[PDB]
Amino acid sequence: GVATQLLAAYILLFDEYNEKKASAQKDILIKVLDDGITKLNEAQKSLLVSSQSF
Amino acid sequence: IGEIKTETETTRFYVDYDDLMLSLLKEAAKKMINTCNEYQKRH
């Protein structure tokens, strides 16, 4: 729900190049994608440990 | 509670553009006001 709106804001604001918001857009992208990789990996490890309990 | 946390995280990322007159952040804040008022009306 957060990623699908930040990426839509990225597609909206940079149809043409915006040099004033260019240094912050990269930080927002790095922050949200590094958050997502950690969350998805921990969700997979949790489901695996749950499957190994039967 | 997760429906509130998604909007809070989206607004927190829109603050990081360092533009307080950005219409996207104004609309996200106006959305969070209604979400918080509905949560207080339900409880």
# chains A, B, ... in the order shown; residues from 1 in each chain; ligands from 1
>>> closest_atom_pairs(of="chain A", to="range 10-14 of chain B", cutoff="10 Å", atoms="only C-alpha atoms", output="JSON lines")
{"residue": "A:1", "atom": "CA", "partner": "B:10", "partner_atom": "CA", "distance": 8.6}
{"residue": "A:2", "atom": "CA", "partner": "B:10", "partner_atom": "CA", "distance": 5.6}
{"residue": "A:3", "atom": "CA", "partner": "B:10", "partner_atom": "CA", "distance": 8.4}
{"residue": "A:4", "atom": "CA", "partner": "B:10", "partner_atom": "CA", "distance": 10.0}
{"residue": "A:5", "atom": "CA", "partner": "B:10", "partner_atom": "CA", "distance": 7.5}
{"residue": "A:6", "atom": "CA", "partner": "B:10", "partner_atom": "CA", "distance": 7.3}
{"residue": "A:9", "atom": "CA", "partner": "B:14", "partner_atom": "CA", "distance": 9.2}
{"residue": "A:25", "atom": "CA", "partner": "B:14", "partner_atom": "CA", "distance": 9.8}
{"residue": "A:27", "atom": "CA", "partner": "B:13", "partner_atom": "CA", "distance": 9.8}
{"residue": "A:28", "atom": "CA", "partner": "B:13", "partner_atom": "CA", "distance": 6.7}
{"residue": "A:29", "atom": "CA", "partner": "B:13", "partner_atom": "CA", "distance": 9.7}
{"residue": "A:31", "atom": "CA", "partner": "B:13", "partner_atom": "CA", "distance": 9.0}
{"residue": "A:32", "atom": "CA", "partner": "B:13", "partner_atom": "CA", "distance": 8.5}
>>> write_last_selection(atoms="C-alpha atoms", output="mmCIF file, in the first residue's frame")
data_model
loop_
_atom_site.group_PDB
_atom_site.id
_atom_site.type_symbol
_atom_site.label_atom_id
_atom_site.label_comp_id
_atom_site.auth_asym_id
_atom_site.auth_seq_id
_atom_site.Cartn_x
_atom_site.Cartn_y
_atom_site.Cartn_z
ATOM 1 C CA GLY A 1 0.000 0.000 0.000
ATOM 2 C CA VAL A 2 2.886 2.417 0.573
ATOM 3 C CA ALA A 3 5.047 1.301 -2.352
ATOM 4 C CA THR A 4 2.267 1.513 -4.951
ATOM 5 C CA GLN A 5 1.785 5.219 -4.112
ATOM 6 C CA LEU A 6 5.413 6.291 -3.815
ATOM 7 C CA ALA A 9 4.439 9.701 -7.332
ATOM 8 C CA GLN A 25 13.587 11.132 -4.898
ATOM 9 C CA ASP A 27 16.615 8.702 -1.113
ATOM 10 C CA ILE A 28 12.871 7.949 -0.994
ATOM 11 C CA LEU A 29 13.335 5.125 -3.531
ATOM 12 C CA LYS A 31 14.473 3.837 1.685
ATOM 13 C CA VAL A 32 11.182 2.267 0.568
#
>>> interface_residues(of="chain B", to="chain A", cutoff="8 Å", atoms="only C-alpha atoms", output="list in words")
residues 6, 7, 9, 10, 13, 16, 17 and 18 of chain B
>>> select_by_dssp(residues="chain B", states="alpha helix (DSSP H)", output="ChimeraX atom specification")
/B:2-15,23-42
>>> atom_distance(atom1="CA of residue 5 in chain B", atom2="CA of residue 35 in chain A")
14.7 Å
>>> atom_distance(atom1="CA of residue 52 in chain A", atom2="CA of residue 36 in chain A")
24.6 Å
>>> atom_distance(atom1="CA of residue 27 in chain B", atom2="CA of residue 14 in chain A")
19.0 Å
